[PDB]
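**Q** The structure that follows is given in the form of C-alpha cells.
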Amino acid sequence: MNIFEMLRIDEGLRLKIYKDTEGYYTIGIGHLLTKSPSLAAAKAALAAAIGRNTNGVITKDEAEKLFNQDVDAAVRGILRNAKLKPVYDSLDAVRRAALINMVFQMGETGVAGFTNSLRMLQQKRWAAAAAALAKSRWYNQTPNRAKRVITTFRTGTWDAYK
Ligand SMILES: [Cl-]
Ligand SMILES: [Cl-]
Numbered sequence: 001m002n003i004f005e006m007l008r009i010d011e012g013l014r015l016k017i018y019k020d021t022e023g024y025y026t027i028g029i030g031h032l033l034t035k036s037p038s039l040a041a042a043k044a045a046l047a048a049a050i051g052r053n054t055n056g057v058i059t060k061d062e063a064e065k066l067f068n069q070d071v072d073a074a075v076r077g078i079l080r081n082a083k084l085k086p087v088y089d090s091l092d093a094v095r096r097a098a099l100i101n102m103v104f105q106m107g108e109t110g111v112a113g114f115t116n117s118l119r120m121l122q123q124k125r126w127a128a129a130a131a132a133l134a135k136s137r138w139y140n141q142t143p144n145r146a147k148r149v150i151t152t153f154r155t156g157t158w159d160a161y162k
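Heads up, the sequence shown is in the deposited numbering, so the first residue is 1 and it goes up one at a time.
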C-alpha cells in the first residue's frame with residue numbers, strides 16, 4: 001500500500017464534473033475545480049486545467065495527470081510550511097502518508113489550522129490526537145474516510161485500508 005493507492009480508495013475516480021460533500025465542483029481523483037457555485041465557472045476552470053475545451057468530461061489519463069500534480073503539490077506544501085514540516089519530520093513512514101492525505105483533502109492552510117492535533121502528533125500522543133481529530137467538522141462531514149485516516153495515525157499500520 002502507498003499514498004497513491006490510499007488516495008484512489010478515499011477519493012474514487014469520476015470522469016464528469018460533480019459536487020463534493022461541501023457542494024464544490026470537483027472532477028477526477030478528488031480534484032477541486034472551483035468554489036464558485038457557477039457550473040460555467042467550473043467548466044471554465046476545467047478547460048484551463050486540461051488545456052482543452054472539454055464540455056465537462058475527462059479521460060482516465062487526464063484524471064491521472066491531475067492526480068500526480070496534486071500529490072506533488074501536497075508533499076511540497078507540507079515541506080514548505082513552518083507548521084506542517086516539523087510534524088512530518090517527526091513521523092514514521094505510514095503516518096506521514098496520513099498527513100499527506102489530509103493536505104490533499106483540505107489544503108495546506110486547512111490542516112495547518114489543526115493546532116491542538118498536530119502538537120499531539122508531534123508528541124506522539126496517539127490516542128489524544130485521534131480523539132481531538134474526531135471532533136472536527138472534517139470528521140463529521142466525511143466520517144468513513146476520516147476514521148480510516150484517524151486509525152492510520154492511531155496505529156501506524158495500513159489496516160484500515162487491507
Ligand atoms: Cl485539533
Ligand atoms: Cl465518508
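The beta-carbon is built from N, C-alpha and C at its ideal position, and this holds for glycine as well.
#1: What's the C-alpha gap between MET102 and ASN55?
#2: Can you tell me whether residue 168 sits near ligand 2, meaning its C-beta is under 7 Å from at least one heavy atom of the ligand?
#3: Could you check the C-alpha separation between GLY107 and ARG145 for me, to the nearest Å?
#4: Pick out whichever of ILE150, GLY113 and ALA44 has its Cα sitting closest to the Cα of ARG96.
#5: So which of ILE58, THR109, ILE29 and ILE17 has the shortest CA-CA distance to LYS83?
#6: CA-CA distance, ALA127 and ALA48?
#7: Specify the secondary structure class of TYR161 as computed by DSSP and reduced to three states.
#8: Could you give the distance in angstroms between the alpha-carbon of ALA112 and the alpha-carbon of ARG119?
#9: Counting only runs that start and end within the segment 15 to 71, where is the beta strand (DSSP E) found for 3 or more residues in a row?
#10: Look at the alpha carbon of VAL87 and the alpha carbon of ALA131, and state the distance between them as a whole number of angstroms.
#11: By how many angstroms is the C-alpha of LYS147 removed from the C-alpha of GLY12?
#12: When a residue counts only if its C-beta is closer than 5 Å to some heavy atom of ligand 1, which residues count, in chain order?
#13: Answer with buried or exposed for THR115, where buried requires no fewer than 16 other C-beta atoms within 10 angstroms of its C-beta.
#14: Looking at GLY30: is its Cβ nearer than 8 Å to the Cβ of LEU7?
**A** In this structure, then:
#1: Counting from one through the sequence shown, the residue named residue 102 turns up at place 102. Counting from one through the sequence shown, the residue named residue 55 turns up at place 55. If I take the Cα positions, the gap works out to 30 Å.
#2: In the structure as shown, the chain begins at 1 and stops at 162. Residue 168 is therefore absent and cannot be evaluated.
#3: Your numbering for residue 107 matches position 107 in the sequence shown. Your numbering for residue 145 matches position 145 in the sequence shown. C-alpha separation (whole angstroms): 16 Å.
#4: One-based indexing of the sequence shown puts residue 96 at position 96. Among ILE150, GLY113 and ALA44, the Cα nearest to that of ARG96 is on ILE150.
#5: Sequence index remark: in the sequence shown, residue 83 carries index 83 (1-based). Ranking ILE58, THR109, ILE29 and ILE17 by Cα distance to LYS83 puts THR109 first.
#6: For the purposes of this step, residue 127 is taken as the residue at position 127 of the sequence shown. For the purposes of this step, residue 48 is taken as the residue at position 48 of the sequence shown. Between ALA127 and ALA48, the C-alpha separation is close to 43 Å.
#7: As a working note, residue 161 is residue 161 in the sequence shown. Three-state DSSP puts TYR161 in a helix.
#8: Working through the sequence shown from its first residue, we reach residue 112 at position 112. Working through the sequence shown from its first residue, we reach residue 119 at position 119. Cα to Cα, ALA112 sits roughly 11 Å from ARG119.
#9: For the segment 15 to 71, the full-length beta strand (DSSP E) segments reaching 3 residues or more read 25 to 28 and 31 to 34 along the chain.
#10: Residue mapping note: residue 87 aligns to position 87 of the sequence shown, counting from 1. Residue mapping note: residue 131 aligns to position 131 of the sequence shown, counting from 1. About 18 Å.
#11: Here residue 12 refers to the residue found at position 12 when the sequence shown is read from its first residue. Here residue 147 refers to the residue found at position 147 when the sequence shown is read from its first residue. Rounded to the nearest angstrom, the two C-alpha atoms are 17 Å apart.
#12: This criterion selects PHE114, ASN116, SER117 and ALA132.
#13: Your numbering for residue 115 matches position 115 in the sequence shown. Exposed is the call here.
#14: Start at 1 with the first residue of the sequence shown, and residue 30 comes out as number 30. Start at 1 with the first residue of the sequence shown, and residue 7 comes out as number 7. Contact flag set, yes.
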